[PDB]
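This report refers to the structure that appears directly beneath it.
Chains as they are written, first to last, in the working numbering: chain D, 1 to 387; chain X, 1 to 53; chain R, 1 to 136; chain L, 1 to 49.
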């Protein structure tokens with residue numbers, strides 16, 4: 001490409017992922033939260049866990065970034081100084097910048113805040129803002145139907161010929177952090193234990209809740225459907241002879257107790273069922289808030305021909321996200337192939353790199369032209385400062 | 001002399017870490033990168049002293 | 001090491017790194033530092049049916065011992081091996097074995113034509129941007 | 001004369017509209033081709049190590 005060393009940052013709802021363009025790995029993957037140690041001390045950094053292993057009074061893991069993918073603590077996010085110096089070890093004023101959630105066209109502001117954050121707060125001489133689900137589609141596809149089950153929820157974004165279908169961008173509530181509340185809630189008798197506590201809750205989400213999460217599951221069909229089908233299978237196997245796959249123990253070793261936490265296969269299924277069926281946790285959330293009819297984001301994309309939108313999306317499905325790396329995509333294939341069987345779901349996904357796929361797409365920085373993306377000059381701030 | 005040993009050694013560009021302004025012509029920003037330096041752009045210890053033996 | 005290797009979304013590479021713990025440096029001529037480091041790793045981060053619950057289901061077995069099947073990654077914690085076929089390094093120790101693999105890499109790549117791993121002078125004619133071109 | 005005048009005004013607008021369409025089309029190809037070749041070169045030096 002061109003002789004450039006851009007800085008590639010992905011700011012998720014929970015993870016702040018930072019490196020450069022000339023390194024295909026991030027230099028760091030710290031939280032987009034902070035253990036505000038209490039002085040206030042916005043402790044960013046994953047291991048800086050250990051402060052929250054103190055579980056200290058006054059230590060408060062507030063997020064910087066809420067569940068919309070937009071930061072609510074921007075000067076503690078100016079974490080950006082922590083990135084560039086304590087992690088990147090470079091001046092931001094040296095290097096260009098690529099920073100990554102889609103919306104409906106209203107907050108297109110935050111850029112002004114990034115005019116604060118890259119020109120005033122850090123004086124990065126040029127910064128490019130890329131769209132994170134479009135970046136996931138990039139790392140070489142033009143149009144996509146991107147579902148990010150990140151920490152924030154199930155974020156559905158239709159993308160047609162590179163443009164964002166603004167009315168159809170839907171972001172669910174139910175992702176990593178609600179499942180942190182869920183795993184803290186259901187293994188609560190087995191852990192025998194049962195933001196500021198974010199120093200308890202985020203710390204447990206760093207130690208054992210994630211250890212129950214990367215180890216949670218999604219049923220490949222609906223868990224009620226898989227449950228009835230596997231109960232019918234086990235009844236066939238029992239009545240023919242005189243085993244159910246869901247009755248087996250997925251025991252969890254709660255290392256703050258070193259204790260067996262027997263949740264079954266269906267039990268670990270039931271957590272990620274709430275992402276597709278959040279009526280199972282609270283009545284105020286519809287199945288439409290679940291990822292299946294979220295179908296609706298296909299249908300709202302049909303208004304931008306609607307069946308051509310359906311053709312493009314349901315033959316160009318894209319799966320990404322942290323909570324999507326919980327096992328069970330086949331739930332998406334089943335749950336949207338029953339709401340849209342017309343176009344067969346040819347899905348794409350980074351399967352590893354999935355949780356930092358916005359970073360890898362922003363890294364794709366390494367475009368061969370500066371004209372391929374809008375790179376903001378300080379003069380571009382000065383033009384946006386006028387009228 | 002150290003520079004005479006150095007120029008006697010390993011036998012050629014130079015390179016710089018510089019502000020480039022990229023072209024579309026030039027952008028109203030600039031940025032640092034390793035730009036190509038063009039053509040126009042001490043003492044000795046003896047060894048076997050620090051030799052572990 | 002536990003907080004480093006248990007935070008991986010890949011459950012399998014964690015165990016492969018967990019079973020090749022290498023401890024190096026000029027201090028690490030200390031005997032037993034690596035050994036009790038391994039023992040403390042097995043103390044802190046080894047996932048097993050613990051001696052309370054494995055003893056409990058030893059007693060459930062005496063009623064052949066099964067194990068309560070856990071889901072977490074660090075279930076086996078081990079160290080890695082040092083090349084004993086270097087008598088100069090067998091004699092002068094492996095506390096600074098970073099130099100040994102550097103010697104092996106130097107006999108590999110430099111006695112090879114492979115400048116995919118070293119910058120040539122002509123490669124400098126991308127500079128230290130070709131230093132980014134010659135990494136492993 | 002009136003219909004050819006209206007066609008002459010129709011043609012200029014269509015031509016102006018196409019370029020910004022094909023500016024979006026050609027940039028969609030090459031950047032994806034870049035992102036393909038980056039996805040190529042993501043694995044290229046990987047196996048060499």
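Built from N, CA and C at the ideal position, the CB exists for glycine as well.
| query | result |
| --- | --- |
| Integer Cβ distance of residue 96(D) from residue 126(D), believed to fall under 8 Å | 5 Å |
| Buried versus exposed, by CB contacts within 10 Å (16 or more), residue 19(L) | exposed |
| Residue 120(R) in three-state terms, based on DSSP | coil |
| Beta bridge counterpart(s) of residue 148(D) as assigned by DSSP | 155(D), 320(D) |
| Rounded straight-line distance, which links the Cα of residue 68(D) to that of residue 140(D) | 26 Å |
| Exposure label - residue 52(X); buried when at least 16 CB within 10 Å | exposed |
| Bounding residues of the beta strand (DSSP E) (the contiguous stretch that carries residue 312(D)) | Where residue 312(D) is concerned, there is no enclosing beta strand (DSSP E), although the alpha helix (DSSP H) it sits in stretches over 306 to 314. |
| Pair within 9 Å by beta-carbon distance, residue 208(D) and residue 254(D) | yes |
| Proximity test, Cβ basis, 9 Å: residue 116(R) and chain L | yes |
| Stretch pair the stretch 50 to 61 of chain R + the stretch 24 to 31 of chain R: three plus CB contacts closer than 8 Å | no |
| Residue 93(D) to residue 168(D) span [Cα, whole Å] | 37 Å |
| Three-state class that DSSP yields for residue 28(D) in the structure shown | strand |
| Endpoints, alpha helix (DSSP H) assigned at residue 112(R) | It is not in any alpha helix (DSSP H) - residue 112(R) carries neither H nor E in the DSSP assignment. |
| Contact with chain R by residue 12(X), beta-carbon distance below 9 Å | yes |
| Within-9 Å CB hit, residue 108(R) to chain L | no |
| Within 9 Å, strictly: CB atoms of residue 136(D) and residue 318(D) | yes |
| Cβ pair residue 151(D), residue 13(D) closer than 9 Å | yes |
| Classification of residue 19(X) by the beta-carbon crowding that lies within 10 angstroms, buried from 16 upward | exposed |
| Amino acids of chain D, ordered along the chain, whose beta-carbon sits closer than 9 Å to that of residue 69(R) | 248, 249, 250, 251 |
| Cross-chain neighbours of residue 49(L) in chain R, by beta carbon under 7 Å | 136 |
| Reference residue 354(D); option with closest CA among 327(D), 160(D), 331(D), 298(D) | 327(D) |
| The beta strand (DSSP E) enclosing residue 12(L), as first and last residue numbers | Element bounds for residue 12(L): not the beta strand (DSSP E) but the alpha helix (DSSP H), 2 to 48. |
| Among 356(D), 387(D), 157(D), the one whose alpha carbon lies nearest that of residue 26(D) | 356(D) |
| Own chain, CB closer than 8 Å to residue 41(X), minus 5 neighbours either side, in chain order | 14, 16 |
| Residue 380(D), enclosing alpha helix (DSSP H) - first and last residue | 378 to 384 |
| Beta-carbon proximity of residue 212(D) to residue 268(D), cut-off 9 Å | yes |
| Opposing strand residues paired with residue 19(D) [DSSP bridges] | 8(D), 26(D) |
| Simplified DSSP state of residue 167(D), which is helix, strand or coil | helix |
| Contact the stretch 292 to 304 of chain D vs the stretch 159 to 176 of chain D: 3+ CB pairs below 8 Å | yes |
| Residue range of the unbroken alpha helix (DSSP H) whose run includes residue 300(D) | 296 to 302 |
| Collapsed DSSP secondary structure at residue 40(R) in the structure displayed | helix |
| Separation of residue 112(D) from residue 381(D), as counted between CA atoms | 8 Å |
| C-beta neighbour in chain D for residue 129(R), strict 9 Å | yes |
| Three-way DSSP call (helix, strand, coil) for residue 43(D) in this model | strand |
| Beta-carbon proximity list for residue 156(D), same chain, < 6 Å, skipping 5 on both sides | 147, 170, 294, 297 |
| Burial state of residue 49(D), where buried means 16 or more other Cβ atoms lie within 10 Å | buried |
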